[PDB]
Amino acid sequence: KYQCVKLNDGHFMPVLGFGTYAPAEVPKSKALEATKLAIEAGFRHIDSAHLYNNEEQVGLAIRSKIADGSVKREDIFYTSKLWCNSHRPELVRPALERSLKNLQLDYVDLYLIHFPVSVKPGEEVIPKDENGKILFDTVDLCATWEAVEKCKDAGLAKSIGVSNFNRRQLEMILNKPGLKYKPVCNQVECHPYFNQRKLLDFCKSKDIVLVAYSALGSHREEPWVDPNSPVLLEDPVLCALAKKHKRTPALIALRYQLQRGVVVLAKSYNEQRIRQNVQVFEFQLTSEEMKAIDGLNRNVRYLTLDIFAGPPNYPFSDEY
């Protein structure tokens, strides 16, 4: 179960991670219960973000499990993310400090730039003008990264990384004059329909971990995900693999990522499925079965985040 990977800064990340995001209609209380369940089941990597509006609950869950002696703080790998309304250098540490206040934790294990397109500062996560048009902002992401680096210097984040960055954007950070810390990871959509071979190879080449999200084919929340997209977990090949191994399509999709050198997230707010997901460590796939899963690639991106298209930093126009 507890398998970790060494990050490029010498910290360790558990290779299986609990996703904590739920669609807006899901009550906040559910994040609290699910996160406790997840830790009880064996999850030690917990993925959240300021965007998710659940850091009070996830923090409560984590601290409850530390209070009752189930885990120590050093046993939990907790990730947060800097939202698009706090890309300005001077807003970076206040954002992290606000997440920490909400969590009642003294540090996060990992802090990520959530998405490379900036939006106007303020309380609104998606600011719009009086006609409903998104209020984008102009911010040098290299200046953002420098402020994120200072959060590591401060001890407020053990490790730092990025999310939804393309190759060009990784290169921008990596090649920045006076770089202190490379991103330890790039957290991106990744699953058998969209298996990110080119980006995976690039991240590998730069000692950057690829962390897969929507690894089970995504929450499929409208208007974010096209309801007409094929359903990952209904895939005939994943189902046949599941039957052969006495596992589930979900477990096949998870194991796939582990065996290709990808750290993998899995969201569930269902006690049974939470408990089931940690079984990814209990079985293996052959090289032939891995090749079969490689053939499933369809160029299906579930989360285009195309409401943020237009600005130059929109990451998904490039090939990868």
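Residue indices: 1-based, along the sequence shown. Rigid core here is just the name for the largest C-alpha set that superposes within 1.5 Å across the two forms.
- Larger root-mean-square CA separation from the shown form, computed after a rigid core fit of the structures in 6 other deposited structures of this protein, is seen for 123-131 when 242-250 is set against 123-131.
- In 6 other deposited structures of this protein, superposed on the rigid core, the segment with the larger root-mean-square CA displacement between 91-99 and 132-140 is 132-140.
- Across the two stretches, 13-21 and 304-312, the PDB entry reports the greater mean Cα temperature factor for 304-312.
- Taking the mean C-alpha B-factor of each stretch as recorded, 186-194 and 217-225 are not equal, and the higher mean is that of 217-225.
- When the C-alpha B-factors of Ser64, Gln257, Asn277, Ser48 are ranked from the entry, the top spot goes to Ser64.
- Highest C-alpha temperature factor among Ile173, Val162, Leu241, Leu110, as the PDB entry reports it: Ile173.
- In the deposited entry, the Cα temperature factor of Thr79 sits in the bottom third of values across the chain's modelled residues.
- When the modelled residues of the chain are ordered by their C-alpha B factor, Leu91 lands in the middle third.
- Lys28: CA B factor in the highest third of modelled residues in this chain (values from the PDB entry).
- In this PDB entry, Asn53 carries a Cα temperature factor that places it within the middle third of its chain's modelled residues.
- Compared with the other modelled residues of the chain, the Cα B-factor recorded for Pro249 ranks in the lowest third.
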